[PDB]
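Engineer: Next input, structure requested:
(5 chains)
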Amino acid sequence: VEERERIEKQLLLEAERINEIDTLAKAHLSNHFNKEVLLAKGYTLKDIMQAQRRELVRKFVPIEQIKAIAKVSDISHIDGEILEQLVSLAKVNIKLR
Amino acid sequence: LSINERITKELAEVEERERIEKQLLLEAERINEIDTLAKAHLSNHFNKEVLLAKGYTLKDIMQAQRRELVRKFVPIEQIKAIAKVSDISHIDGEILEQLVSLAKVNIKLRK
Amino acid sequence: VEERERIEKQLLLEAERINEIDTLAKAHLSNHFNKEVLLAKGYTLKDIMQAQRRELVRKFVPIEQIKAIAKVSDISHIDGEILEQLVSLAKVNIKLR
Amino acid sequence: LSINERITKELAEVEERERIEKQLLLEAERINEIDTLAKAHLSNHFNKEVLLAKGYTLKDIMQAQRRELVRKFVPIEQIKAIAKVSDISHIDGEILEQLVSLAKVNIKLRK
Amino acid sequence: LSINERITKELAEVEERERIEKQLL
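Structural biologist: Residues are numbered from 1 along each chain as shown, chains lettered A, B, ... in the order given. Okay, here it is:
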């Protein structure tokens, strides 16, 4: 049953990550990307989270890093570990901001 | 081996050599970029001539120049975030390529 | 996989040789023999390099050495180790020049 | 052995002797050139007579004269480049022929 | 001994002599 215990551990980890992302996004980007209205428009939870992450990168991370570190200007299809690096850089940017 | 098997082998052989030629051009551009960066942003003591006199491979010279440029331009926090560690002594590779891209962005915005 | 590693070593060696030859040639012979225009005219990379080497010999190395050391006046067909000796002598000549 | 086999053997035998005769003429011209060079550019102590008195083969005399001419005329850098080494003590041969050709070029341009 | 180990030793050697010179002054 400890397998489900560790699954629940990871569930809590990603839920806390989602909560942090949402809280920091609400005070930074807009109310138009709130979870309720995004769900009403018909987006899944993971899609909502990744869209919010990409918008976060499109606010703090400058474009030049995107076309150099992420190798593409459009964050529309870069998702993955590169997106993790981008959101880490965005966190650094908002820290220094 | 019919005619189609001849054509496909010929085309694959030609494409392989074309890709190799493109790789050679890419390596030449990499060497030129390393030369320009070392001349413009790093001290004379890191010139290829004196480093080669000390008995270092070309690739070692390239990665040393890259590691020095990252420390000079990229802040320590960005290194600790992207590379996940402070030390760049064992980060040569694709992560080093991302770091030098960030250093190029830093020098572009600095000017 | 180390066989490909040494192949890449030799690739870097010849790429550095090509880069050095090109850089020294551009400032010495002409812009007409630039890699871009030579490629546009339809010459392979090795053909471009050997043509640049022969032109280099035709600039620094005097003709008498060519018909004595290389045994022929025309560098058009001498390519090989003799061409290596000729380009070495050209390097010596540009050093003393 | 038919008639054609007779003709081809006869022609090959004749050509072999002609090539040998040409080789003998080439050796005579080589000896004449060595004599002229030793007389014109090298000291009397390297004359064939005194060297032979010291118990040296003819070929040794030729290569010694050549080695001395290369040092006298050809600069040390050209020797280190073409012959890949500074010492000419173990470079007798085709490389020595190239070196003496360069020495002939040097003496021609000197005048 | 890599390149970094050369640079750090060189800089430390230079700084030591500079401190000695300051001590002499």
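Engineer: which residues of chain A fall in helices?
Structural biologist: Per DSSP state H, chain A carries helices over the ranges A:2-26, A:35-40, A:45-57, A:63-68, A:81-96.
Engineer: Figure out which of those is closest to residue C:71.
Structural biologist: Of all the helices of chain A, helix A:63-68 sits nearest to residue C:71, with 53.8 Å by Cβ to Cβ. From N, CA and C alone the C-beta is placed, and that goes for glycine too.
Engineer: what's that closest one in contact with?
Structural biologist: A:57, A:72-73, A:75, A:78, A:86, A:89, B:98, B:101-102, B:104-105, B:108-109 (Cβ atoms under 8 Å, 6 or more residues apart in numbering or on different chains).
Engineer: and the residue of chain A nearest chain C?
Structural biologist: residue A:71 (22.5 Å; Cβ to the nearest Cβ).
Engineer: returning to that earlier point: CSV please, covering the helices of chain A and showing mean neighbour count.
Structural biologist: Converted to CSV, those look like this (neighbours: other Cβ atoms under 10 Å in any protein chain shown):
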stretch, mean neighbour count
helix A:2-26, 11
helix A:35-40, 13
helix A:45-57, 17
helix A:63-68, 18
helix A:81-96, 16
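Engineer: thinking residue A:53 is in contact with residue A:83, fair?
Structural biologist: Yes. With contact defined as Cβ atoms under 8 Å, residue A:53 reaches residue A:83; the gap is 6.2 Å.
Engineer: Need the residue closest to the centroid of chain A.
Structural biologist: What sits nearest the mean C-alpha location of chain A, by Cα atoms, centre = their mean, is residue A:53, with 2.4 Å.
Engineer: got a list of what it touches?
Structural biologist: So residue A:53 contacts A:21, A:83, A:86-87 (Cβ under 8 Å, 6+ apart).
Engineer: For those, work out which two are farthest apart.
Structural biologist: Between any two of these (Cβ to Cβ), the greatest distance is 12.9 Å, for A:21 and A:86.
Engineer: For chain A, which residue gets nearest to chain E?
Structural biologist: residue A:69 (24.7 Å).
Engineer: can you count the residues close to that residue?
Structural biologist: Counted with other Cβ atoms under 10 Å in any protein chain shown, residues neighbouring residue A:69 total 21.
Engineer: Touching, it and residue A:85? I think so.
Structural biologist: Yes. Residue A:69 is within contact range of residue A:85, at 6.4 Å (criterion: Cβ under 8 Å).
Engineer: Kindly report the residues of chain A close to chain B.
Structural biologist: Contacts of chain A with chain B, taken as Cβ under 8 Å from any Cβ of the partner chain, map to A:62, A:64-65, A:68-69, A:85, A:88-89, A:91-92.
Engineer: Try it again at 6 Å.
Structural biologist: Near chain B, the residues belonging to chain A are A:64-65, A:68-69, A:85, A:88, A:92 when assessed by Cβ under 6 Å from any Cβ of the partner chain.
Engineer: and those, which two are the farthest apart?
Structural biologist: Within these, two members stand farthest from each other by Cβ to Cβ: A:64 and A:88, at 16.6 Å.
Engineer: chain center to stretch A:23-33: distance?
Structural biologist: Between the centre of stretch A:23-33 and the centre of its chain there are 12 Å (Cα atoms, centre = their mean, to the nearest Å).
Engineer: Endpoint to endpoint, it covers what distance?
Structural biologist: Distance across stretch A:23-33, first residue to last, is 12 Å (Cα to Cα, to the nearest Å).
Engineer: Please apply the same query to stretch A:20-40.
Structural biologist: 21 Å.
Engineer: Between the two ends of stretch A:70-86, how far is it?
Structural biologist: 8 Å.
Engineer: Smallest gap between chain A and chain B, at which residue?
Structural biologist: In chain A, no residue comes nearer to chain B than residue A:68, which is 3.7 Å away by Cβ to the nearest Cβ.
Engineer: what's next to stretch A:85-97, contact-wise?
Structural biologist: A:53, A:56-57, A:60-61, A:70, B:77, B:81-82 (Cβ atoms under 6 Å, 6 or more residues apart in numbering or on different chains).
Engineer: how about a cut-off of 7 Å?
Structural biologist: Residues outside stretch A:85-97 that contact it (Cβ atoms under 7 Å, 6 or more residues apart in numbering or on different chains) are A:53, A:56-57, A:60-61, A:65, A:69-70, B:77-78, B:81-82.
Engineer: just how off-centre is that stretch within its chain?
Structural biologist: For stretch A:85-97, the distance to the chain centre is 12 Å (Cα atoms, centre = their mean).
Engineer: and if you look at stretch A:15-33?
Structural biologist: Worked out by Cα atoms, centre = their mean, stretch A:15-33 lies 9 Å from the chain centre.
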